[PDB]
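Heads up, the chain below is alone and in the form deposited in one PDB entry; it's given as structure tokens.
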């Protein structure tokens, strides 16, 4: 039941509704242009040329094509990253980034004849990511082939935690080297306790609407559910799950599940020597390192259960690749498609400028101001009709938080502490304008944004001959070498990914992909930040040797007499010297990889997710929208960036129509009216 084309994946998830937006399938909303605009010549800015900004541009292009003769849309896209694809028409990165969709091309002096690609950011795409596949179809066509991402368990995998080793594929004990493994037993207990059963008895510990989450997932993914059922999930049952469990961490939930299983006798004493609490703790930590299909979630144990449950409902781990050499091609293709679809009515200019401030000011028709600096620090100011701020939360903070929270007669905005030139704005209001009357409403949105949690992440890469996998010391599973390794060595998760530039001679050795504390623990060894090498011609050899040295561990295998150094040390050492690499998202200007919500964070991220509903308040006249995975309930996924873009453009349409929701398509209207409004007064 494996999808083989973009269209197959697209259709698989076309109906899926997420539980915070249960009244709408975003792919259905996105099928036709989102609405209509009054006649006019619009001047719009998009800050950020990542997935969110480019999806927003595409939707604007679709809108532009519907405008009558004499009307049109001009977009200024601001993109500060010198390596963005937008500024481009050994390890090469120049022109190979679209924000956090970021490739590194390994070559020997001719980039048109490379060895492999490192996917430094996004790399694996859930089957049920329906908006992602909708845009992949726009970019590449339904016919384009996709592959199963070689996740732990999708390819032969070695797992190591403490004294436990496993070698496996999937979850059928027939496919495990040790079918009696305690690791597979704890997986079944934790899956049972978190997901439960789609049919029959409810066995999950944390029900939604009094039933196992599996049963709710089937309703969220139906073509014709109850309408009544979707509204009840939206307004009653998911809010009640949040009220109950938003204060419970994933790690706490795992321990609750394991405790009950241990008391029932479903899980036996470990070694039968450990006492009750040591056994339970061992199982919690074993599951922590093993995970849900993408490696250990131990480092993610502080997320809310609500956040994990979103991923459970989505079947997040069932992932595919894109029909590309480099994932940045997706975003580049969407940018080109935006310009094509605008059919002459969309004009786009790219600015290599960093936006420092946004506000509303003045008394002219265009009041949405952006203050920016070019690559030699010269200041620029421009006013727009509407602005989409398509940057993640730590990048948005300085832009929206330094103007105060209410009317100001005059402000000199800009990066004064840097020594840079300021600009005087008059009759100034905050850009994220939720009230004409409330500074507190304006402060709530800003303070929420600034306190969202950006998960930390790093990726260590090297280039290895694929034939290294055929060495006698590389274990096999039914003749196929092990190609994923999940471990407590400090490396966390490692993958030997065939080169997409092609059986390929080379593989990308993702030696370590870490989250959260696992990333923190390595960071002292990276040497140069955010990228080692910082140059095209360097190699991060010293850094990488510290990773090889973390793999230099004596690993005992069952039946063997004595431990020997781990074979994976030998594999890591087979990578060539040149082109060793690390990228640390934490010391990138994103200040991490992507939003993941902690306990209590729902209320902050959900405010952001609903922000575009300000467009219902007609007299407010707020011209700023936000578009990033940080303003979604899928931080860490293109799906989140894309959903937030959709929200932003939908809201822009309602604002352009002075609060009239009838200007949205029938299918798009729920993007705005299916959420709780962010402005209670005035109504609309």
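Under this definition, the rigid core comprises the largest set of C-alpha atoms superposing within 1.5 Å between the forms. Residue numbers count along the first chain shown, from 1.
Unmodelled residues of the deposited sequence between neighbouring positions residue 502 and residue 503 number 4 to 9. According to the record, the deposited sequence contains no missing residues between residue 524 and residue 525, so the chain is continuous there. Mean CA B-factor, 539 to 547 versus 226 to 234: the higher value falls on 226 to 234. As listed in the deposited structure, the average C-alpha B-factor of 399 to 407 and of 433 to 441 is greater for 433 to 441. Note on 51, 634, 37, 45: the highest value goes to 37, judged by CA B factor as recorded. Highest CA B-factor among the listed residues (299, 265, 130, 293): 265. Among the modelled residues of its chain, residue 628 has a C-alpha B-factor that falls in the lowest third according to the deposited record. The PDB entry assigns residue 126 a C-alpha temperature factor belonging to the lowest third of its chain's modelled residues.
Residue 372: CA B factor in the middle third of modelled residues in this chain (values from the PDB entry). When the modelled residues of the chain are ordered by C-alpha B-factor, residue 554 sits in the middle third. Placement of the Cα temperature factor of residue 215 within the chain: middle third of the modelled residues, per the deposited record.
Another form exists, deposited in another entry; not displayed. Remarks below refer to it.
Of the candidates 108, 340, 424, 281, the Cα that moves 2 angstroms or more after core superposition between this form and the one not shown belongs to 108 alone. With a cut-off of 2 Å and the rigid core superposed, residue 398 has a Cα displacement that falls short of the cut-off between this form and the one not shown. Relative to the superposed core, residue 293 undergoes a Cα shift of 2 Å or more between this form and the one not shown. In a rigid-core overlay of the protein, residue 96 has its C-alpha displaced by at least 2 Å between this form and the one not shown. Relative to the displayed conformation, the Cα-Cα distance from residue 293 to residue 18 grows by 3 Å or more in the other form. In summary, the C-alpha positions of residue 316 and residue 629 diverge in the other form, ending up at least 3 angstroms farther from each other than in this conformation.
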